[PDB]
Amino acid sequence: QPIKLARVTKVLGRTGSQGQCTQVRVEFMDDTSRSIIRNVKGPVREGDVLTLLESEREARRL
Amino acid sequence: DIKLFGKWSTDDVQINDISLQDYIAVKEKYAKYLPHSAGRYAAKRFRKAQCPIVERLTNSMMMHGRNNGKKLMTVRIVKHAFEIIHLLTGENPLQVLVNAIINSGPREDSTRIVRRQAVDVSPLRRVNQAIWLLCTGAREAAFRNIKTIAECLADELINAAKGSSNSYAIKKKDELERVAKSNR
Amino acid sequence: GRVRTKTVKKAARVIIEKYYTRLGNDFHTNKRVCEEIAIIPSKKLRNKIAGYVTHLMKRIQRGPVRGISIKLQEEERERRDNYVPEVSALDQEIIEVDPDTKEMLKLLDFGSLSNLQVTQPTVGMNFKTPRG
Amino acid sequence: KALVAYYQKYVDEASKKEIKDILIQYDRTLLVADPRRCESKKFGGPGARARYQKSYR
Amino acid sequence: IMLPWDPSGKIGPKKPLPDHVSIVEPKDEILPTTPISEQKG
Amino acid sequence: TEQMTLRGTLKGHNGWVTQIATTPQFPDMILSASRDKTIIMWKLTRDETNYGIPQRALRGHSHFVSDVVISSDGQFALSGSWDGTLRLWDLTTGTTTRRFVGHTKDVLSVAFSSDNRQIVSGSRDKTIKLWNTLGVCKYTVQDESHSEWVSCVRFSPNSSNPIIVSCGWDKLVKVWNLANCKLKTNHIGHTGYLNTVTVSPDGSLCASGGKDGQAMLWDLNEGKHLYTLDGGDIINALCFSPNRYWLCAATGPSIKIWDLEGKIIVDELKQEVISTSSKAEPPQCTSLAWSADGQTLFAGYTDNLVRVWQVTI
RNA sequence: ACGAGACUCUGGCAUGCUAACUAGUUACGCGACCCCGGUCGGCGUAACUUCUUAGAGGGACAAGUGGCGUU
């Protein structure tokens, strides 16, 4: 399966044990009406592009 | 006008991975002569991003105690590293750098949320780690060795710009991504 | 952390309450008004106060503010509240009315008015909210 | 700064401004004195923030 | 002892508490509804 | 019979623009103060892009420059500032000649004589100082002065009438005998503090304005309130036309122009591309001044821009 | 009401203020060296207070604009 790019469209809150991962909605670059919730390790603001090694995995909402 | 060490131009290089377009600062407004600036980059949260990656590399180099503060030691190492990358590759070494930041960044990393669930890295987290991995790639190669950091940092930036796997930074990166693949 | 304290807010309140006429939406004049009309013993406090004055004077230019009291009260509460339309909403030409209040007016002096159109009574007594 | 003050005094604002623009649009430090100073040491540590090794047991 | 405040500088200090925000009381004037010029000399 | 239009804006101020002073001599030179310490001597090229380009920043106050005014000569310029200093700007070189020390607080206004001899300064320390051009207090009013701030002081062009007018935050417009240096008459009647007062070129009638927006005309030959003008908003600056029979008032974000003869709104001068649409105050106006001829009026707003206003017909 | 804050000292700013042979600078002159300028913490004095010192002031308040919250 290929490696799909995705756009940080809203940064939701903060997840993890030590508040070590921001939770985020990512607008896909191919299908511009597919927006999934994904956990991100490290600093992220609105509109930065994440590379996903798979798009089938999906984070549980905090 | 003409740029970096008086001899490495800016409008030759292209950032391939659009993921790191804004987080690899090397282009037009981030064209400085030396990788040395007062900056005050590390004051508010993301301003770190608007630091030229050459200056981030320079800063990331001066590590393991004794070297902390010796930025001119590193400015020099980077200058002689780029000479070696040019004469071993025949290329504006800022492209070899940018290719190494693109290749040598991990794209998915494990985290403790049991055993360590896999999450995605921030692009800035990728640039941060990229530069860390290929700086530790240099200093660990160079430690207790006849070779200089000029050679070791160059060899690291070259092997990373290829993805050779002889690169410490590529080998640790695809190890992290292997452990991230595991817990998925 | 930039929250203002009571000694800043209470001052700013009482300053506006007594001297609304001299103040505006310009910090550097409000700052210089506070010098004249009050012994503020500290420049930092003098600015903090002036600064909250300006912030309140913006909130006064909008609708009314809770903990404040000015001379007019305040030309939308004294003057506008004397708003009255052409004819009142109680001047209905056809008043909707059920047969049961017709039954009680019939047992007053008001057996028959002209402007009372009695509806066909409501069928199937079904008004209570289901339990659980 | 001394150049920008020479183009202020002895020629028009026009030449001064397009110079000042070039300097600040490159690096702001050229015409703004970086306010940072070596923050003072406090007791109980070898410097400003850093504290000495705490010893339990 | 906490001393009082007096501007004389004898029983207490001349300087008020830094918290203390003494607001001078506004004297009441009748806002004029008749434009009046008062020439003299 | 006409409406007024933009010919451009004059960019080059960081702090927003205070009392703009025009000159009879040079039609190509406007000199504006600001809420930075700069005072820009402009160059009106009247080009496509910029109507005016700045030449010389008259640098060197501590705090805001309240008022500036040009001599009849056109080679000197004089500004009062909130640090409590009056300068006397050597307008050729761009330095100071002499500087007037004595005022306690913010010197709010300044004006010249016809001679360019006697200088007068309204300040927040509740006084008005009558100077020489050699920094000597000839006379200072404390006996019966304004009991508040002095937001303007103006001179009559009339030589036979040595008269000066002062508005103030005590709600009064006091008229002064320049000779005896004590008040000629009061003008009791106006409610609220005063921002501005101006004297028409004849030197017979003056116009005062404050928060209330009730622009009041007062005759100087015999003190009488002629008529009120409901400006509607807060009057920050008033300016008579040099040749026409027109009064021009900076009324909040807009400028309302009156014909004093036919008491009617001639026009109201406003910015058109209003991008403060969603819950934001538009760029307030605080100063204005007609040119030598009176085709172009310049007006300094709180967004730092000097806006030009041209007669079309 | 105390404590918090305010506060006091301090750090950063003002070619704006008062100033200076126990602090200097820029001019001018004499002099040493280089081939008209250049170097001088070589010497001496006229202006001046930019650097210097330390006093009085001013300066910043989320004050301005834009976003989610009775806004």
# chains A, B, ... in the order shown; residues from 1 in each chain; ligands from 1
>>> residues_around(residues="residue 57 of chain C", least_positions_apart="6", cutoff="8 Å", atoms="only C-alpha atoms (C1' of nucleotides)", output="number ranges by chain")
C: 23-25
>>> write_last_selection(atoms="C-alpha atoms", output="short mmCIF file (atom, residue, chain, number, x, y, z; two decimals), in the first residue's frame")
data_model
loop_
_atom_site.label_atom_id
_atom_site.label_comp_id
_atom_site.auth_asym_id
_atom_site.auth_seq_id
_atom_site.Cartn_x
_atom_site.Cartn_y
_atom_site.Cartn_z
CA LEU C 23 -12.47 59.78 29.06
CA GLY C 24 -12.40 58.29 25.50
CA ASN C 25 -10.80 55.38 23.51
#
>>> residues_around(residues="segment 65-71 of chain G", least_positions_apart="2", cutoff="10 Å", atoms="only C-alpha atoms (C1' of nucleotides)", output="PDB file with N, CA and C atoms, in the first residue's frame")
ATOM      1  N   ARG C  59     -16.114  48.783  25.982  1.00  0.00           N
ATOM      2  CA  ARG C  59     -17.282  47.959  26.414  1.00  0.00           C
ATOM      3  C   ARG C  59     -18.499  48.852  26.703  1.00  0.00           C
TER       4      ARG C  59
ATOM      5  N   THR F 276     -12.531  47.696   8.161  1.00  0.00           N
ATOM      6  CA  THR F 276     -12.869  47.569   9.608  1.00  0.00           C
ATOM      7  C   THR F 276     -14.379  47.314   9.731  1.00  0.00           C
ATOM      8  N   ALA F 280     -15.059  46.706  14.456  1.00  0.00           N
ATOM      9  CA  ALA F 280     -13.822  47.511  14.585  1.00  0.00           C
ATOM     10  C   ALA F 280     -14.106  48.974  14.232  1.00  0.00           C
TER      11      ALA F 280
END
>>> interface_residues(of="chain F", to="chain D", cutoff="7 Å", atoms="only C-alpha atoms", output="count of residues only")
3
>>> select_by_dssp(residues="segment 28-257 of chain F", states="strand (DSSP E)", output="ChimeraX atom specification")
/F:31-32,40-43,53-57,65-70,76-81,89-90,95-96,119-122,128-131,139-141,152-155,163-167,173-177,183-185,194-199,205-210,216-219,235-240,246-251,254-257
>>> closest_atom_pairs(of="chain F", to="chain E", cutoff="9 Å", atoms="only C-alpha atoms", output="CSV")
residue,atom,partner,partner_atom,distance
F:183,CA,E:40,CA,8.4
F:184,CA,E:39,CA,6.2
F:185,CA,E:39,CA,4.2
F:186,CA,E:38,CA,5.1
F:187,CA,E:37,CA,4.6
F:188,CA,E:36,CA,5.0
F:189,CA,E:35,CA,3.8
F:190,CA,E:32,CA,6.8
F:191,CA,E:31,CA,6.0
F:192,CA,E:31,CA,8.4
F:222,CA,E:39,CA,8.5
F:223,CA,E:37,CA,5.8
F:224,CA,E:37,CA,6.3
F:225,CA,E:35,CA,6.4
>>> residues_around(residues="residue 150 of chain F", least_positions_apart="6", cutoff="8 Å", atoms="only C-alpha atoms (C1' of nucleotides)", output="list in words")
residues 108, 109, 122, 123, 124, 126, 127, 128, 166, 167, 168 and 169 of chain F
>>> write_last_selection(atoms="N, CA and C atoms", output="PDB file, in the first residue's frame")
ATOM      1  N   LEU F 108       0.407  71.223  24.644  1.00  0.00           N
ATOM      2  CA  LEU F 108      -0.658  70.634  23.790  1.00  0.00           C
ATOM      3  C   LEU F 108      -0.803  71.398  22.473  1.00  0.00           C
ATOM      4  N   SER F 109      -0.541  72.708  22.471  1.00  0.00           N
ATOM      5  CA  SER F 109      -0.727  73.579  21.284  1.00  0.00           C
ATOM      6  C   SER F 109       0.402  74.601  21.171  1.00  0.00           C
ATOM      7  N   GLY F 122      -0.303  76.382  24.730  1.00  0.00           N
ATOM      8  CA  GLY F 122      -1.302  75.810  25.654  1.00  0.00           C
ATOM      9  C   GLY F 122      -0.841  74.464  26.191  1.00  0.00           C
ATOM     10  N   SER F 123      -0.831  74.296  27.522  1.00  0.00           N
ATOM     11  CA  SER F 123      -0.266  73.117  28.236  1.00  0.00           C
ATOM     12  C   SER F 123      -1.218  72.637  29.339  1.00  0.00           C
ATOM     13  N   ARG F 124      -0.965  71.434  29.871  1.00  0.00           N
ATOM     14  CA  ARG F 124      -1.862  70.709  30.816  1.00  0.00           C
ATOM     15  C   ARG F 124      -1.665  71.246  32.232  1.00  0.00           C
ATOM     16  N   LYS F 126      -1.927  74.207  34.096  1.00  0.00           N
ATOM     17  CA  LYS F 126      -3.126  74.975  33.662  1.00  0.00           C
ATOM     18  C   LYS F 126      -2.720  76.427  33.383  1.00  0.00           C
ATOM     19  N   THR F 127      -1.868  76.628  32.371  1.00  0.00           N
ATOM     20  CA  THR F 127      -1.206  77.916  32.032  1.00  0.00           C
ATOM     21  C   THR F 127      -1.100  78.055  30.512  1.00  0.00           C
ATOM     22  N   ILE F 128      -0.796  79.274  30.058  1.00  0.00           N
ATOM     23  CA  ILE F 128      -0.497  79.640  28.642  1.00  0.00           C
ATOM     24  C   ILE F 128       0.688  80.607  28.668  1.00  0.00           C
ATOM     25  N   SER F 166      -8.146  80.970  23.126  1.00  0.00           N
ATOM     26  CA  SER F 166      -7.753  79.682  23.753  1.00  0.00           C
ATOM     27  C   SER F 166      -9.006  78.893  24.135  1.00  0.00           C
ATOM     28  N   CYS F 167      -9.167  77.691  23.577  1.00  0.00           N
ATOM     29  CA  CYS F 167     -10.120  76.667  24.077  1.00  0.00           C
ATOM     30  C   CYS F 167      -9.424  75.913  25.212  1.00  0.00           C
ATOM     31  N   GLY F 168     -10.188  75.169  26.012  1.00  0.00           N
ATOM     32  CA  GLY F 168      -9.660  74.407  27.159  1.00  0.00           C
ATOM     33  C   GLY F 168     -10.639  73.369  27.670  1.00  0.00           C
ATOM     34  N   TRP F 169     -10.150  72.459  28.515  1.00  0.00           N
ATOM     35  CA  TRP F 169     -10.924  71.323  29.082  1.00  0.00           C
ATOM     36  C   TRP F 169     -11.819  71.779  30.249  1.00  0.00           C
TER      37      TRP F 169
END
>>> closest_atom_pairs(of="chain D", to="chain B", cutoff="10 Å", atoms="only C-alpha atoms", output="CSV")
residue,atom,partner,partner_atom,distance
D:25,CA,B:29,CA,8.5
D:26,CA,B:29,CA,7.2
D:27,CA,B:37,CA,8.8
D:28,CA,B:39,CA,9.2
D:29,CA,B:38,CA,7.6
D:34,CA,B:38,CA,8.2
D:36,CA,B:40,CA,9.4
>>> interface_residues(of="chain B", to="chain A", cutoff="7 Å", atoms="only C-alpha atoms", output="PyMOL selection string")
chain B and resi 19+107+112-113+119-125
>>> atom_distance(atom1="atom CA of residue 173 of chain B", atom2="atom CA of residue 48 of chain B")
21.9 Å
>>> residues_around(residues="residue 33 of chain B", least_positions_apart="6", cutoff="9 Å", atoms="only C-alpha atoms (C1' of nucleotides)", output="list in words")
residues 3, 4, 5 and 6 of chain B
>>> interface_residues(of="chain C", to="chain F", cutoff="12 Å", atoms="only C-alpha atoms", output="list in words")
residues 19, 20, 21, 22, 23, 24, 25, 26, 28, 29, 32, 33, 35, 36, 37, 58, 59, 61 and 62 of chain C
>>> decode(residues="segment 101-119 of chain B", atoms="N, CA and C atoms", output="PDB file, in the first residue's frame")
ATOM      1  N   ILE B 101      18.037  15.587   5.104  1.00  0.00           N
ATOM      2  CA  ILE B 101      16.951  15.948   6.068  1.00  0.00           C
ATOM      3  C   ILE B 101      15.665  15.217   5.648  1.00  0.00           C
ATOM      4  N   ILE B 102      15.376  15.181   4.343  1.00  0.00           N
ATOM      5  CA  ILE B 102      14.188  14.496   3.740  1.00  0.00           C
ATOM      6  C   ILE B 102      14.279  12.989   4.006  1.00  0.00           C
ATOM      7  N   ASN B 103      15.415  12.371   3.677  1.00  0.00           N
ATOM      8  CA  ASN B 103      15.621  10.902   3.785  1.00  0.00           C
ATOM      9  C   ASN B 103      15.712  10.492   5.260  1.00  0.00           C
ATOM     10  N   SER B 104      16.551  11.170   6.054  1.00  0.00           N
ATOM     11  CA  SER B 104      17.040  10.678   7.373  1.00  0.00           C
ATOM     12  C   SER B 104      16.077  10.988   8.525  1.00  0.00           C
ATOM     13  N   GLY B 105      14.967  11.677   8.261  1.00  0.00           N
ATOM     14  CA  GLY B 105      13.899  11.881   9.254  1.00  0.00           C
ATOM     15  C   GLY B 105      13.041  10.624   9.412  1.00  0.00           C
ATOM     16  N   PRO B 106      12.687  10.203  10.651  1.00  0.00           N
ATOM     17  CA  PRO B 106      11.673   9.165  10.840  1.00  0.00           C
ATOM     18  C   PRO B 106      10.287   9.745  10.523  1.00  0.00           C
ATOM     19  N   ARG B 107       9.398   8.948   9.925  1.00  0.00           N
ATOM     20  CA  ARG B 107       8.053   9.377   9.442  1.00  0.00           C
ATOM     21  C   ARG B 107       6.947   8.836  10.359  1.00  0.00           C
ATOM     22  N   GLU B 108       7.288   7.939  11.287  1.00  0.00           N
ATOM     23  CA  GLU B 108       6.349   7.319  12.258  1.00  0.00           C
ATOM     24  C   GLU B 108       7.182   6.771  13.421  1.00  0.00           C
ATOM     25  N   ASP B 109       6.818   7.115  14.659  1.00  0.00           N
ATOM     26  CA  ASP B 109       7.618   6.834  15.884  1.00  0.00           C
ATOM     27  C   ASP B 109       6.705   6.250  16.970  1.00  0.00           C
ATOM     28  N   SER B 110       7.220   5.303  17.759  1.00  0.00           N
ATOM     29  CA  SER B 110       6.516   4.692  18.918  1.00  0.00           C
ATOM     30  C   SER B 110       6.401   5.714  20.057  1.00  0.00           C
ATOM     31  N   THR B 111       5.389   5.550  20.914  1.00  0.00           N
ATOM     32  CA  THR B 111       5.131   6.397  22.111  1.00  0.00           C
ATOM     33  C   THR B 111       4.272   5.620  23.119  1.00  0.00           C
ATOM     34  N   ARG B 112       4.472   5.875  24.413  1.00  0.00           N
ATOM     35  CA  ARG B 112       3.800   5.167  25.540  1.00  0.00           C
ATOM     36  C   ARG B 112       2.389   5.746  25.736  1.00  0.00           C
ATOM     37  N   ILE B 113       1.348   4.995  25.347  1.00  0.00           N
ATOM     38  CA  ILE B 113      -0.091   5.298  25.633  1.00  0.00           C
ATOM     39  C   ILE B 113      -0.715   4.059  26.294  1.00  0.00           C
ATOM     40  N   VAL B 114       0.980  -2.542  29.157  1.00  0.00           N
ATOM     41  CA  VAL B 114       0.841  -2.199  27.720  1.00  0.00           C
ATOM     42  C   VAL B 114       2.226  -2.044  27.074  1.00  0.00           C
ATOM     43  N   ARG B 115       2.263  -1.807  25.755  1.00  0.00           N
ATOM     44  CA  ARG B 115       3.517  -1.606  24.974  1.00  0.00           C
ATOM     45  C   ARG B 115       3.293  -0.569  23.865  1.00  0.00           C
ATOM     46  N   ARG B 116       3.738   0.665  24.126  1.00  0.00           N
ATOM     47  CA  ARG B 116       4.242   1.660  23.138  1.00  0.00           C
ATOM     48  C   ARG B 116       3.451   1.622  21.825  1.00  0.00           C
ATOM     49  N   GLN B 117       2.310   2.314  21.745  1.00  0.00           N
ATOM     50  CA  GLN B 117       1.516   2.444  20.489  1.00  0.00           C
ATOM     51  C   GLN B 117       2.264   3.352  19.505  1.00  0.00           C
ATOM     52  N   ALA B 118       2.144   3.067  18.207  1.00  0.00           N
ATOM     53  CA  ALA B 118       2.803   3.820  17.116  1.00  0.00           C
ATOM     54  C   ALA B 118       1.943   5.024  16.736  1.00  0.00           C
ATOM     55  N   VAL B 119       2.578   6.193  16.626  1.00  0.00           N
ATOM     56  CA  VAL B 119       1.954   7.488  16.219  1.00  0.00           C
ATOM     57  C   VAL B 119       2.790   8.072  15.079  1.00  0.00           C
TER      58      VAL B 119
END
